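You are given structure tokens for the same protein chain in two forms, set apart as structure 1 and structure 2.
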Structure 1
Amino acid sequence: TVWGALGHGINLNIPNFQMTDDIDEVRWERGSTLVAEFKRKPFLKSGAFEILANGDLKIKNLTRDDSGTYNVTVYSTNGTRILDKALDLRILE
């Protein structure tokens, strides 16, 4: 339990913790609501995928299921939706 005076700021300290390079995620939440979220590593649905340094999507092993349309959505530091493109992945034969 932590006390803090109104109007002024407070830092909720994380108990027995030491921020190391091993740490990938730290998620602060008040109830079900996500308050603050930190994550070092990019999100990948499965191991089949891999996001590149230039934003490109790399599907490691193609499969009939891997077809369908994909959507790229890029946002700037400001947060504006800079880009919004669609790609139709089709399997050759």
Structure 2
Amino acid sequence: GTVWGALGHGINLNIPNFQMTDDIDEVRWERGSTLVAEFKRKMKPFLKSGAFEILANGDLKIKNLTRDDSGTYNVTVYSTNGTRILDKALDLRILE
């Protein structure tokens, strides 16, 4: 919902029904097609596990395809000023 601020003064936008814990590694705040700020806990870029690899050009590699690996993957690309320039849902299907 709605948050009310006063023109010319500062404001803290609170994450609704949340408390920061040791298990949270990232918070992302976006507005429109712009990334505004991020909180990170770790130095390394995230990688879910050893079954995946991110290539040097940004492509995602799935190492040994499984029937449970099919479905929709969403890729989002941000420029150096925070603009979301590309967003795409990709349908990964099995050739059966």
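The term rigid core refers to the maximal set of C-alpha atoms that superpose within 1.5 Å between the two forms. All residue numbers here refer to structure 1's sequence, counted from 1.
Would you say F49 moves between structures 1 and 2, meaning its CA shifts by 2 Å or more once the core is fitted?
Where the cores coincide, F49 shows only a C-alpha shift between structures 1 and 2 that is less than 2 Å.
Comparing between structures 1 and 2 on the rigid core, is the C-alpha shift at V35 2 Å or larger?
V35: C-alpha displaced by 2 Å or more between structures 1 and 2.
With both forms fitted on the core, give yes or no for whether the Cα of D24 moves by 2 angstroms or more between structures 1 and 2.
Yes, shifts by 2 Å or more.
May I ask for the C-alpha shift of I10 between structures 1 and 2, in Å, based on superposition of the rigid core?
Here the C-alpha difference is 23.3 Å.
Superpose on the rigid core and then read off how far the CA of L83 has moved between structures 1 and 2, in Å.
C-alpha shift for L83: 0.5 Å.
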